[PDB]
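Engineer: My structure file data-v9.cif, mmCIF, C-alpha atoms, is below:
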```cif
data_start
#
loop_
_atom_site.group_PDB
_atom_site.id
_atom_site.type_symbol
_atom_site.label_atom_id
_atom_site.label_comp_id
_atom_site.auth_asym_id
_atom_site.auth_seq_id
_atom_site.Cartn_x
_atom_site.Cartn_y
_atom_site.Cartn_z
ATOM 1 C CA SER A 1 30.111 -28.109 -4.665
ATOM 2 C CA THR A 2 26.550 -26.951 -5.209
ATOM 3 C CA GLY A 3 24.373 -23.962 -4.438
ATOM 4 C CA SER A 4 20.628 -23.432 -4.204
ATOM 5 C CA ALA A 5 18.833 -20.105 -3.834
ATOM 6 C CA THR A 6 15.206 -19.070 -3.897
ATOM 7 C CA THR A 7 14.207 -16.501 -6.506
ATOM 8 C CA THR A 8 11.207 -14.277 -5.793
ATOM 9 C CA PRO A 9 9.005 -12.187 -8.120
ATOM 10 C CA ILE A 10 9.497 -8.464 -7.604
ATOM 11 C CA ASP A 11 5.791 -7.691 -8.000
ATOM 12 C CA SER A 12 2.382 -9.244 -8.572
ATOM 13 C CA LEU A 13 2.968 -9.587 -12.338
ATOM 14 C CA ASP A 14 6.277 -11.477 -12.183
ATOM 15 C CA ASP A 15 7.946 -8.581 -14.014
ATOM 16 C CA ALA A 16 11.308 -9.899 -12.813
ATOM 17 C CA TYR A 17 12.761 -12.184 -10.159
ATOM 18 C CA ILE A 18 15.293 -11.335 -7.461
ATOM 19 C CA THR A 19 17.713 -13.724 -5.777
ATOM 20 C CA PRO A 20 19.773 -12.857 -2.673
ATOM 21 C CA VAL A 21 23.531 -12.769 -3.246
ATOM 22 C CA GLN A 22 26.215 -12.385 -0.571
ATOM 23 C CA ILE A 23 29.060 -10.062 -1.576
ATOM 24 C CA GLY A 24 32.162 -9.300 0.458
ATOM 25 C CA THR A 25 33.384 -9.889 3.980
ATOM 26 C CA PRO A 26 31.397 -9.513 6.133
ATOM 27 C CA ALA A 27 28.667 -10.388 3.682
ATOM 28 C CA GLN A 28 26.586 -7.645 2.124
ATOM 29 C CA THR A 29 23.395 -9.238 0.804
ATOM 30 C CA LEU A 30 21.977 -7.687 -2.365
ATOM 31 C CA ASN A 31 18.948 -8.884 -4.321
ATOM 32 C CA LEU A 32 20.077 -9.402 -7.901
ATOM 33 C CA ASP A 33 18.257 -10.134 -11.136
ATOM 34 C CA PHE A 34 19.769 -13.354 -12.499
ATOM 35 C CA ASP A 35 19.967 -12.778 -16.250
ATOM 36 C CA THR A 36 20.810 -15.599 -18.676
ATOM 37 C CA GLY A 37 20.796 -12.960 -21.445
ATOM 38 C CA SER A 38 23.802 -10.967 -20.201
ATOM 39 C CA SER A 39 27.208 -11.563 -18.672
ATOM 40 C CA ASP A 40 27.966 -8.794 -16.157
ATOM 41 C CA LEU A 41 27.529 -8.972 -12.390
ATOM 42 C CA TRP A 42 26.862 -5.334 -11.545
ATOM 43 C CA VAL A 43 25.510 -3.700 -8.410
ATOM 44 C CA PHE A 44 24.242 -0.473 -6.997
ATOM 45 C CA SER A 45 27.026 0.772 -4.782
ATOM 46 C CA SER A 46 28.374 3.483 -2.536
ATOM 47 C CA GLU A 47 29.852 4.872 -5.789
ATOM 48 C CA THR A 48 26.502 5.240 -7.557
ATOM 49 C CA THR A 49 25.475 8.836 -8.210
ATOM 50 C CA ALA A 50 23.324 9.617 -5.186
ATOM 51 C CA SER A 51 20.364 10.988 -7.165
ATOM 52 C CA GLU A 52 20.240 7.698 -9.109
ATOM 53 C CA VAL A 53 19.745 5.588 -5.957
ATOM 54 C CA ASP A 54 16.148 5.367 -4.733
ATOM 55 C CA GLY A 55 15.673 2.560 -2.211
ATOM 56 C CA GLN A 56 18.124 -0.039 -3.516
ATOM 57 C CA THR A 57 20.545 -1.807 -1.228
ATOM 58 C CA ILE A 58 24.104 -0.808 -2.083
ATOM 59 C CA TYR A 59 27.443 -2.605 -2.060
ATOM 60 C CA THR A 60 30.102 -0.629 -0.181
ATOM 61 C CA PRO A 61 33.475 -2.099 -1.163
ATOM 62 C CA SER A 62 35.363 -0.087 1.456
ATOM 63 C CA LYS A 63 33.518 -2.110 4.130
ATOM 64 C CA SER A 64 34.571 -5.452 2.622
ATOM 65 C CA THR A 65 37.933 -6.735 3.781
ATOM 66 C CA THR A 66 38.150 -8.993 0.707
ATOM 67 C CA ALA A 67 37.341 -6.326 -1.898
ATOM 68 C CA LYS A 68 40.130 -5.228 -4.222
ATOM 69 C CA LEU A 69 39.836 -2.550 -6.877
ATOM 70 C CA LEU A 70 40.547 -4.048 -10.303
ATOM 71 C CA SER A 71 42.952 -1.387 -11.442
ATOM 72 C CA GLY A 72 41.988 0.421 -14.635
ATOM 73 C CA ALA A 73 38.903 -1.686 -15.284
ATOM 74 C CA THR A 74 35.618 -0.116 -16.316
ATOM 75 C CA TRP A 75 32.326 -1.451 -17.622
ATOM 76 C CA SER A 76 29.355 -0.094 -19.540
ATOM 77 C CA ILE A 77 26.296 -1.979 -20.698
ATOM 78 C CA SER A 78 23.115 -1.296 -22.637
ATOM 79 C CA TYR A 79 20.253 -3.786 -22.520
ATOM 80 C CA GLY A 80 17.623 -4.657 -25.107
ATOM 81 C CA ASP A 81 15.007 -2.543 -23.309
ATOM 82 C CA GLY A 82 17.103 0.624 -23.674
ATOM 83 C CA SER A 83 18.370 0.676 -20.085
ATOM 84 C CA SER A 84 22.056 1.047 -19.273
ATOM 85 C CA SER A 85 24.623 1.325 -16.488
ATOM 86 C CA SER A 86 28.390 1.803 -16.079
ATOM 87 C CA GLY A 87 31.181 2.074 -13.526
ATOM 88 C CA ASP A 88 34.349 0.528 -12.127
ATOM 89 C CA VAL A 89 35.223 -2.978 -10.972
ATOM 90 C CA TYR A 90 36.222 -4.770 -7.788
ATOM 91 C CA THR A 91 37.040 -8.375 -7.173
ATOM 92 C CA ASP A 92 35.408 -9.859 -4.098
ATOM 93 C CA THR A 93 33.934 -13.014 -2.645
ATOM 94 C CA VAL A 94 30.454 -13.767 -3.964
ATOM 95 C CA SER A 95 28.160 -16.497 -2.674
ATOM 96 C CA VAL A 96 24.830 -17.703 -4.042
ATOM 97 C CA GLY A 97 22.810 -20.194 -2.083
ATOM 98 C CA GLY A 98 25.889 -21.567 -0.316
ATOM 99 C CA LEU A 99 28.153 -21.688 -3.411
ATOM 100 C CA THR A 100 31.157 -19.375 -3.034
ATOM 101 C CA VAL A 101 33.421 -17.856 -5.686
ATOM 102 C CA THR A 102 36.487 -15.933 -4.606
ATOM 103 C CA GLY A 103 37.864 -13.232 -6.861
ATOM 104 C CA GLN A 104 34.581 -12.643 -8.681
ATOM 105 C CA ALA A 105 34.416 -9.420 -10.676
ATOM 106 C CA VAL A 106 31.794 -7.219 -9.032
ATOM 107 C CA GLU A 107 30.998 -4.289 -11.305
ATOM 108 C CA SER A 108 30.178 -1.263 -9.164
ATOM 109 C CA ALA A 109 27.808 1.209 -10.784
ATOM 110 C CA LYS A 110 28.746 4.847 -10.906
ATOM 111 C CA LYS A 111 25.769 5.576 -13.193
ATOM 112 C CA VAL A 112 22.516 3.733 -13.873
ATOM 113 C CA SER A 113 19.693 4.620 -16.227
ATOM 114 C CA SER A 114 16.342 5.820 -14.951
ATOM 115 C CA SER A 115 14.595 2.455 -15.246
ATOM 116 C CA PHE A 116 17.018 0.968 -12.706
ATOM 117 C CA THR A 117 16.685 3.920 -10.319
ATOM 118 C CA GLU A 118 12.897 3.667 -10.520
ATOM 119 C CA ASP A 119 12.886 -0.026 -9.545
ATOM 120 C CA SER A 120 13.753 -0.121 -5.869
ATOM 121 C CA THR A 121 13.510 -3.929 -5.716
ATOM 122 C CA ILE A 122 16.504 -4.762 -7.959
ATOM 123 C CA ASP A 123 19.971 -4.084 -6.524
ATOM 124 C CA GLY A 124 21.814 -5.170 -9.672
ATOM 125 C CA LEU A 125 22.172 -7.993 -12.181
ATOM 126 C CA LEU A 126 23.994 -11.312 -12.135
ATOM 127 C CA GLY A 127 24.722 -12.329 -15.707
ATOM 128 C CA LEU A 128 24.559 -16.001 -16.678
ATOM 129 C CA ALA A 129 25.114 -15.807 -20.447
ATOM 130 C CA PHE A 130 28.534 -16.637 -21.884
ATOM 131 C CA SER A 131 31.531 -14.672 -20.676
ATOM 132 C CA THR A 132 32.278 -13.497 -24.234
ATOM 133 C CA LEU A 133 29.545 -10.868 -23.666
ATOM 134 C CA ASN A 134 31.092 -9.430 -20.496
ATOM 135 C CA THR A 135 31.679 -5.692 -20.924
ATOM 136 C CA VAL A 136 34.655 -5.118 -18.597
ATOM 137 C CA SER A 137 37.504 -3.313 -20.328
ATOM 138 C CA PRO A 138 40.382 -3.623 -20.973
ATOM 139 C CA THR A 139 40.346 -7.161 -19.500
ATOM 140 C CA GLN A 140 37.087 -9.054 -19.956
ATOM 141 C CA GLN A 141 35.886 -10.838 -16.819
ATOM 142 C CA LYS A 142 34.162 -14.166 -16.216
ATOM 143 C CA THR A 143 30.619 -14.722 -15.021
ATOM 144 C CA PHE A 144 29.855 -16.209 -11.625
ATOM 145 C CA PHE A 145 28.912 -19.498 -13.281
ATOM 146 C CA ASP A 146 32.085 -19.568 -15.376
ATOM 147 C CA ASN A 147 34.168 -19.023 -12.238
ATOM 148 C CA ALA A 148 32.273 -21.660 -10.247
ATOM 149 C CA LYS A 149 31.954 -24.259 -12.995
ATOM 150 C CA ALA A 150 35.074 -26.328 -12.363
ATOM 151 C CA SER A 151 34.212 -26.692 -8.664
ATOM 152 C CA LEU A 152 30.602 -27.747 -9.224
ATOM 153 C CA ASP A 153 29.537 -31.370 -8.943
ATOM 154 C CA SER A 154 28.192 -31.026 -12.513
ATOM 155 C CA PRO A 155 28.797 -27.970 -14.772
ATOM 156 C CA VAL A 156 25.161 -26.886 -14.855
ATOM 157 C CA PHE A 157 22.682 -24.484 -13.369
ATOM 158 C CA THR A 158 18.901 -24.738 -13.419
ATOM 159 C CA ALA A 159 16.139 -22.154 -13.487
ATOM 160 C CA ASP A 160 12.783 -23.061 -11.923
ATOM 161 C CA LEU A 161 10.830 -19.819 -11.996
ATOM 162 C CA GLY A 162 7.445 -19.647 -10.300
ATOM 163 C CA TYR A 163 4.165 -18.272 -11.596
ATOM 164 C CA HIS A 164 3.112 -15.647 -9.074
ATOM 165 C CA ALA A 165 5.294 -17.482 -6.553
ATOM 166 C CA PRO A 166 8.942 -18.029 -5.629
ATOM 167 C CA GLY A 167 11.126 -20.487 -7.469
ATOM 168 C CA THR A 168 14.699 -21.745 -7.389
ATOM 169 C CA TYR A 169 18.089 -21.353 -9.041
ATOM 170 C CA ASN A 170 20.333 -24.372 -8.450
ATOM 171 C CA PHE A 171 24.023 -24.626 -9.297
ATOM 172 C CA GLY A 172 25.881 -27.877 -9.814
ATOM 173 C CA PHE A 173 23.050 -30.410 -9.661
ATOM 174 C CA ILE A 174 19.703 -31.432 -11.112
ATOM 175 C CA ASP A 175 16.870 -31.688 -8.594
ATOM 176 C CA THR A 176 15.017 -34.670 -10.034
ATOM 177 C CA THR A 177 12.041 -33.916 -7.748
ATOM 178 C CA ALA A 178 11.486 -30.485 -9.332
ATOM 179 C CA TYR A 179 9.963 -31.584 -12.649
ATOM 180 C CA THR A 180 7.663 -34.167 -14.192
ATOM 181 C CA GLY A 181 8.495 -36.530 -17.014
ATOM 182 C CA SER A 182 11.939 -36.249 -18.570
ATOM 183 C CA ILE A 183 14.246 -33.388 -19.452
ATOM 184 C CA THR A 184 14.552 -32.959 -23.213
ATOM 185 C CA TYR A 185 17.928 -31.551 -24.200
ATOM 186 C CA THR A 186 18.449 -29.434 -27.294
ATOM 187 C CA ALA A 187 21.463 -27.948 -29.041
ATOM 188 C CA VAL A 188 22.835 -24.505 -28.205
ATOM 189 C CA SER A 189 24.741 -22.040 -30.353
ATOM 190 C CA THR A 190 27.077 -19.789 -28.379
ATOM 191 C CA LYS A 191 28.066 -17.724 -31.441
ATOM 192 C CA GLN A 192 26.188 -14.640 -30.189
ATOM 193 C CA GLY A 193 27.084 -15.237 -26.533
ATOM 194 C CA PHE A 194 23.567 -16.367 -25.607
ATOM 195 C CA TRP A 195 21.862 -19.621 -24.690
ATOM 196 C CA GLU A 196 20.531 -19.742 -28.244
ATOM 197 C CA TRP A 197 18.483 -22.736 -29.366
ATOM 198 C CA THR A 198 15.841 -23.726 -31.906
ATOM 199 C CA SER A 199 12.299 -24.533 -30.872
ATOM 200 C CA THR A 200 10.544 -27.084 -33.067
ATOM 201 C CA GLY A 201 7.205 -25.242 -33.271
ATOM 202 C CA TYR A 202 4.120 -24.098 -31.456
ATOM 203 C CA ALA A 203 0.415 -24.517 -30.824
ATOM 204 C CA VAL A 204 -2.258 -22.058 -29.718
ATOM 205 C CA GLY A 205 -4.692 -23.405 -27.145
ATOM 206 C CA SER A 206 -6.031 -26.801 -28.180
ATOM 207 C CA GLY A 207 -5.071 -26.167 -31.805
ATOM 208 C CA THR A 208 -2.849 -28.316 -33.958
ATOM 209 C CA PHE A 209 0.893 -28.135 -33.451
ATOM 210 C CA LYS A 210 2.738 -26.237 -36.183
ATOM 211 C CA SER A 211 6.163 -27.717 -36.878
ATOM 212 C CA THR A 212 8.508 -24.836 -37.650
ATOM 213 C CA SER A 213 11.991 -23.905 -36.499
ATOM 214 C CA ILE A 214 12.093 -20.882 -34.183
ATOM 215 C CA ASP A 215 15.600 -19.769 -33.234
ATOM 216 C CA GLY A 216 15.707 -17.815 -30.001
ATOM 217 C CA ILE A 217 17.411 -17.304 -26.664
ATOM 218 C CA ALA A 218 16.561 -18.575 -23.194
ATOM 219 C CA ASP A 219 16.602 -15.290 -21.253
ATOM 220 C CA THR A 220 15.626 -15.150 -17.593
ATOM 221 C CA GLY A 221 16.213 -11.394 -17.609
ATOM 222 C CA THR A 222 13.432 -10.686 -20.113
ATOM 223 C CA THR A 223 9.874 -10.700 -18.770
ATOM 224 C CA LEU A 224 7.904 -11.649 -21.873
ATOM 225 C CA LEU A 225 7.934 -14.130 -24.753
ATOM 226 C CA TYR A 226 8.988 -12.453 -28.030
ATOM 227 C CA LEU A 227 8.297 -14.482 -31.172
ATOM 228 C CA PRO A 228 7.885 -13.905 -34.915
ATOM 229 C CA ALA A 229 4.959 -11.729 -35.914
ATOM 230 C CA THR A 230 3.216 -14.616 -37.686
ATOM 231 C CA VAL A 231 3.207 -16.727 -34.507
ATOM 232 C CA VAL A 232 2.117 -13.836 -32.307
ATOM 233 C CA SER A 233 -0.725 -12.899 -34.670
ATOM 234 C CA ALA A 234 -1.934 -16.502 -34.644
ATOM 235 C CA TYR A 235 -2.020 -16.458 -30.852
ATOM 236 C CA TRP A 236 -3.861 -13.158 -30.381
ATOM 237 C CA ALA A 237 -6.347 -13.981 -33.149
ATOM 238 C CA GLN A 238 -7.824 -16.462 -30.658
ATOM 239 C CA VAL A 239 -8.590 -13.692 -28.131
ATOM 240 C CA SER A 240 -11.697 -11.677 -28.971
ATOM 241 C CA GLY A 241 -10.905 -7.986 -29.050
ATOM 242 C CA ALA A 242 -7.121 -8.380 -28.898
ATOM 243 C CA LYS A 243 -5.136 -6.078 -31.163
ATOM 244 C CA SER A 244 -1.681 -4.642 -31.642
ATOM 245 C CA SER A 245 -1.573 -1.089 -30.309
ATOM 246 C CA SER A 246 1.188 1.099 -31.709
ATOM 247 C CA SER A 247 0.593 3.675 -28.959
ATOM 248 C CA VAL A 248 0.837 1.142 -26.132
ATOM 249 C CA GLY A 249 3.700 -0.747 -27.773
ATOM 250 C CA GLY A 250 2.322 -4.217 -28.402
ATOM 251 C CA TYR A 251 -0.651 -6.506 -28.255
ATOM 252 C CA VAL A 252 -3.342 -5.612 -25.765
ATOM 253 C CA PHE A 253 -6.499 -7.511 -24.950
ATOM 254 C CA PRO A 254 -9.700 -7.007 -22.944
ATOM 255 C CA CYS A 255 -9.044 -7.678 -19.295
ATOM 256 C CA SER A 256 -12.311 -9.688 -19.276
ATOM 257 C CA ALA A 257 -10.839 -12.280 -21.661
ATOM 258 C CA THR A 258 -9.839 -15.818 -20.769
ATOM 259 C CA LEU A 259 -6.529 -16.398 -22.536
ATOM 260 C CA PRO A 260 -5.659 -19.638 -24.346
ATOM 261 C CA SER A 261 -2.508 -21.545 -23.572
ATOM 262 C CA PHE A 262 0.558 -21.446 -25.803
ATOM 263 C CA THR A 263 2.702 -24.517 -26.435
ATOM 264 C CA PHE A 264 6.279 -24.483 -27.672
ATOM 265 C CA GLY A 265 8.300 -27.419 -28.926
ATOM 266 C CA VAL A 266 11.605 -28.670 -27.536
ATOM 267 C CA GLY A 267 12.590 -31.477 -29.858
ATOM 268 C CA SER A 268 9.650 -33.868 -29.774
ATOM 269 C CA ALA A 269 8.601 -32.569 -26.346
ATOM 270 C CA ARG A 270 6.081 -29.841 -25.636
ATOM 271 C CA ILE A 271 6.014 -27.123 -22.974
ATOM 272 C CA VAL A 272 2.564 -25.678 -22.261
ATOM 273 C CA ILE A 273 2.323 -22.075 -21.057
ATOM 274 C CA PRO A 274 -1.093 -21.674 -19.371
ATOM 275 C CA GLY A 275 -3.154 -18.751 -20.569
ATOM 276 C CA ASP A 276 -2.998 -17.010 -17.200
ATOM 277 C CA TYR A 277 0.790 -16.725 -17.554
ATOM 278 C CA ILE A 278 0.222 -14.472 -20.606
ATOM 279 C CA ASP A 279 -1.778 -11.819 -18.700
ATOM 280 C CA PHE A 280 0.321 -8.795 -17.689
ATOM 281 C CA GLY A 281 -2.574 -6.775 -16.372
ATOM 282 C CA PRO A 282 -3.954 -3.328 -17.104
ATOM 283 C CA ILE A 283 -1.885 -1.129 -19.390
ATOM 284 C CA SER A 284 -2.322 1.686 -16.856
ATOM 285 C CA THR A 285 -3.929 1.642 -13.457
ATOM 286 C CA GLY A 286 -7.667 1.111 -13.702
ATOM 287 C CA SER A 287 -7.726 0.380 -17.440
ATOM 288 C CA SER A 288 -9.769 -2.487 -18.841
ATOM 289 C CA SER A 289 -7.153 -3.007 -21.572
ATOM 290 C CA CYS A 290 -4.528 -5.535 -20.514
ATOM 291 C CA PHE A 291 -0.998 -6.048 -21.820
ATOM 292 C CA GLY A 292 -0.138 -9.341 -23.481
ATOM 293 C CA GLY A 293 2.710 -11.605 -22.436
ATOM 294 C CA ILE A 294 3.429 -12.820 -25.972
ATOM 295 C CA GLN A 295 4.727 -10.033 -28.208
ATOM 296 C CA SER A 296 6.364 -9.692 -31.602
ATOM 297 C CA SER A 297 10.135 -9.887 -31.897
ATOM 298 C CA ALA A 298 10.048 -8.199 -35.298
ATOM 299 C CA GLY A 299 11.730 -5.039 -33.967
ATOM 300 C CA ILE A 300 14.304 -6.891 -31.831
ATOM 301 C CA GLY A 301 16.272 -8.987 -34.312
ATOM 302 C CA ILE A 302 16.073 -12.130 -32.164
ATOM 303 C CA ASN A 303 13.331 -14.234 -30.625
ATOM 304 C CA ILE A 304 13.381 -14.297 -26.833
ATOM 305 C CA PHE A 305 12.088 -17.096 -24.616
ATOM 306 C CA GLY A 306 11.745 -14.878 -21.569
ATOM 307 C CA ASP A 307 10.170 -15.541 -18.199
ATOM 308 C CA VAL A 308 6.656 -16.150 -19.619
ATOM 309 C CA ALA A 309 8.038 -19.218 -21.388
ATOM 310 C CA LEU A 310 10.724 -20.296 -18.938
ATOM 311 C CA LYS A 311 8.482 -20.274 -15.867
ATOM 312 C CA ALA A 312 6.355 -22.978 -17.493
ATOM 313 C CA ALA A 313 9.389 -25.291 -17.422
ATOM 314 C CA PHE A 314 12.268 -26.615 -15.409
ATOM 315 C CA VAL A 315 15.231 -25.373 -17.454
ATOM 316 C CA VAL A 316 18.752 -26.819 -17.421
ATOM 317 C CA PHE A 317 21.608 -24.591 -18.570
ATOM 318 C CA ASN A 318 24.239 -27.232 -19.263
ATOM 319 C CA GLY A 319 27.673 -25.612 -19.386
ATOM 320 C CA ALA A 320 29.620 -28.669 -20.460
ATOM 321 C CA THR A 321 32.315 -28.241 -23.101
ATOM 322 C CA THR A 322 29.539 -28.306 -25.679
ATOM 323 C CA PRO A 323 26.687 -26.470 -23.946
ATOM 324 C CA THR A 324 23.089 -27.631 -24.259
ATOM 325 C CA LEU A 325 19.706 -26.619 -22.841
ATOM 326 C CA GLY A 326 17.212 -28.920 -21.196
ATOM 327 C CA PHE A 327 13.485 -28.373 -20.691
ATOM 328 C CA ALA A 328 11.040 -30.378 -18.602
ATOM 329 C CA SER A 329 7.431 -29.826 -17.690
ATOM 330 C CA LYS A 330 6.722 -29.337 -13.999
#
```
Please express the file's structure as structure tokens.

Structural biologist:
Amino acid sequence: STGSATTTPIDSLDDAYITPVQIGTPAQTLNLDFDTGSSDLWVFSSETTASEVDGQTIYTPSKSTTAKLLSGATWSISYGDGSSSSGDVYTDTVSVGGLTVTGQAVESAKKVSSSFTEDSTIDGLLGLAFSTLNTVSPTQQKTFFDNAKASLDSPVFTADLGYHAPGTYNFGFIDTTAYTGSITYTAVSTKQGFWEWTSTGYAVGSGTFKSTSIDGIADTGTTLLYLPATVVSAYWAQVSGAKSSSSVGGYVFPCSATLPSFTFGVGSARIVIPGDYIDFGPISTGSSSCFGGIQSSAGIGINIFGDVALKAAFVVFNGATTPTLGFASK
């Protein structure tokens, strides 16, 4: 089997991408944030505290003839941005782009943190990291991809995120028309539950490539590119007037600037992020100070190849017995 679904930016900055997901019988379609940095499929629901729902579409398990409460199971998650959610668990039929999993754990939120409430466009998350990170207790549950894997034509999914435009998540096949050149595959460590890999270096604009190992995670659920402070300083030094602002929380730059590209290495291959992809717009409405899309990871503990990086590539998440990642230009 295969599946293919379009993923759409939630706003004009590509702050996140939403993909329609069918849950239950009859289907209830929710727009979920596919997140290769986490491993829970959780949704706003008829059980979510009413004051914490503000425009999201909810899953109502009592209206699904295939929903079954997973007795005694609860979940609770906290994400790298400080947001969190928790609740109980159903199993139900879940379909993405024509690919159906029966008995998928659907984590129904009873509580969500304010950042979720305040974002009416995201109805929940669909985790695509390794199932070892799933938070369901006392019996950990499998991700959608883990449940589908054995049925897929090939045990892979691909992320093809658009810049200011829709893109595609495919399951079970490589669309060889969706990229240029070849796909360069690189080793993955699953020891932390992530799609963790090592970039071979970087360049700023037309500058010389610096060969240096940068360990990080491929994370579709993170907006920006978080890299070591040395790398980030080298990038922003090429933008007149750019500076790190402690009050804003990162590098800012004059909105009048033209940003240079940023290249990252995948083995001997190179992925070029155009400068425009690094512009996240005014820090507050009407400001002439703009927020940068490349930020320091120094306070995170891990480097994160988020959407800024991934949307410059066609990315293969190869879930074979020994997982690997593939990157192609497009």

Engineer: Spell out the residues picked by the PyMOL selection byres ((chain A and resi 43-54) around 8) here, as number ranges by chain.

Structural biologist: A: 32, 41-42, 55-61, 106-114, 117-120, 123-125

Engineer: Of the candidates A:137, A:176, A:288, A:29, which one gets nearest to residue 71 of chain A if we count only C-alpha atoms?

Structural biologist: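 Using only C-alpha atoms, the shortest distance to residue 71 of chain A belongs to A:137.
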
Engineer: Using all atoms listed in the file, which residue out of A:89, A:150, A:67, A:16 lies closest to residue 221 of chain A?

Structural biologist: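 So, comparing all the options, the nearest one is A:16.
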
Engineer: Report, in Å with one decimal, the straight-line distance from atom CA of residue 128 of chain A to atom CA of residue 179 of chain A.

Structural biologist: 21.7 Å

Engineer: Expand the PyMOL selection byres ((chain A and resi 39) around 8) into the explicit residue set it covers here, and present it as a ChimeraX atom specification.

Structural biologist: /A:35-38,40-41,126-135,142-143

Engineer: Using all atoms listed in the file, find the one residue out of A:290, A:232, A:73, A:5 that sits nearest to residue 157 of chain A.

Structural biologist: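 Using all atoms listed in the file, residue 157 of chain A sits closest to A:5.
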
Engineer: Assuming the chain letters and numbering stay as they are in my file, what does the PyMOL selection byres ((chain A and resi 311-326) around 9) actually select? List them as an mmCIF file with C-alpha atoms, in the frame of the given file.

Structural biologist:
```
data_model
loop_
_atom_site.group_PDB
_atom_site.id
_atom_site.type_symbol
_atom_site.label_atom_id
_atom_site.label_comp_id
_atom_site.auth_asym_id
_atom_site.auth_seq_id
_atom_site.Cartn_x
_atom_site.Cartn_y
_atom_site.Cartn_z
ATOM 1 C CA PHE A 145 28.912 -19.498 -13.281
ATOM 2 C CA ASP A 146 32.085 -19.568 -15.376
ATOM 3 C CA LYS A 149 31.954 -24.259 -12.995
ATOM 4 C CA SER A 154 28.192 -31.026 -12.513
ATOM 5 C CA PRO A 155 28.797 -27.970 -14.772
ATOM 6 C CA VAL A 156 25.161 -26.886 -14.855
ATOM 7 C CA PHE A 157 22.682 -24.484 -13.369
ATOM 8 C CA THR A 158 18.901 -24.738 -13.419
ATOM 9 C CA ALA A 159 16.139 -22.154 -13.487
ATOM 10 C CA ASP A 160 12.783 -23.061 -11.923
ATOM 11 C CA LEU A 161 10.830 -19.819 -11.996
ATOM 12 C CA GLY A 162 7.445 -19.647 -10.300
ATOM 13 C CA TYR A 163 4.165 -18.272 -11.596
ATOM 14 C CA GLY A 167 11.126 -20.487 -7.469
ATOM 15 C CA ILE A 174 19.703 -31.432 -11.112
ATOM 16 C CA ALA A 178 11.486 -30.485 -9.332
ATOM 17 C CA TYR A 179 9.963 -31.584 -12.649
ATOM 18 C CA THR A 180 7.663 -34.167 -14.192
ATOM 19 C CA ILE A 183 14.246 -33.388 -19.452
ATOM 20 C CA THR A 184 14.552 -32.959 -23.213
ATOM 21 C CA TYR A 185 17.928 -31.551 -24.200
ATOM 22 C CA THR A 186 18.449 -29.434 -27.294
ATOM 23 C CA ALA A 187 21.463 -27.948 -29.041
ATOM 24 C CA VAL A 188 22.835 -24.505 -28.205
ATOM 25 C CA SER A 189 24.741 -22.040 -30.353
ATOM 26 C CA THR A 190 27.077 -19.789 -28.379
ATOM 27 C CA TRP A 195 21.862 -19.621 -24.690
ATOM 28 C CA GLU A 196 20.531 -19.742 -28.244
ATOM 29 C CA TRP A 197 18.483 -22.736 -29.366
ATOM 30 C CA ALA A 218 16.561 -18.575 -23.194
ATOM 31 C CA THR A 220 15.626 -15.150 -17.593
ATOM 32 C CA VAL A 266 11.605 -28.670 -27.536
ATOM 33 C CA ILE A 271 6.014 -27.123 -22.974
ATOM 34 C CA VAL A 272 2.564 -25.678 -22.261
ATOM 35 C CA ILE A 273 2.323 -22.075 -21.057
ATOM 36 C CA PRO A 274 -1.093 -21.674 -19.371
ATOM 37 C CA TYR A 277 0.790 -16.725 -17.554
ATOM 38 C CA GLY A 306 11.745 -14.878 -21.569
ATOM 39 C CA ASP A 307 10.170 -15.541 -18.199
ATOM 40 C CA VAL A 308 6.656 -16.150 -19.619
ATOM 41 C CA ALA A 309 8.038 -19.218 -21.388
ATOM 42 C CA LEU A 310 10.724 -20.296 -18.938
ATOM 43 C CA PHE A 327 13.485 -28.373 -20.691
ATOM 44 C CA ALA A 328 11.040 -30.378 -18.602
ATOM 45 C CA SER A 329 7.431 -29.826 -17.690
ATOM 46 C CA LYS A 330 6.722 -29.337 -13.999
#
```

Engineer: Can you work out the spacing between atom CA of residue 175 of chain A and atom CA of residue 222 of chain A in Å, to one decimal?

Structural biologist: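 The value is 24.2 Å.
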
Engineer: Would you mind listing what lies within 7 Å of residue 105 of chain A as a VMD selection string, with only C-alpha atoms counted and same-chain residues fewer than 5 positions away left out?

Structural biologist: chain A and resid 89 to 92 141

Engineer: One decimal, in Å: what's the spacing between atom CA of residue 261 of chain A and atom CA of residue 297 of chain A?

Structural biologist: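 Separating atom CA of residue 261 of chain A from atom CA of residue 297 of chain A is a distance of 19.1 Å.
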
Engineer: So which one's closest to residue 9 of chain A, A:147, A:168, A:206, A:284? Using all atoms listed in the file, please.

Structural biologist: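 Smallest distance to residue 9 of chain A is found for A:168.
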
Engineer: Looking at all atoms listed in the file, which of A:83, A:95, A:76, A:200 is the one that sits closest to residue 21 of chain A?

Structural biologist: A:95

Engineer: Which residues, protein or nucleic acid, reach to within 9 Å of (39.8, -14.4, -5.4) in the file's coordinates when using all atoms listed in the file, and can you give that as a compact mmCIF listing (two decimals) with C-alpha atoms, keeping the file's coordinate frame?

Structural biologist:
```
# COMPACT_ATOMS: atom_id res chain seq x y z
CA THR A 66 38.15 -8.99 0.71
CA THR A 91 37.04 -8.38 -7.17
CA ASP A 92 35.41 -9.86 -4.10
CA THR A 93 33.93 -13.01 -2.64
CA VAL A 101 33.42 -17.86 -5.69
CA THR A 102 36.49 -15.93 -4.61
CA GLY A 103 37.86 -13.23 -6.86
CA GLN A 104 34.58 -12.64 -8.68
```
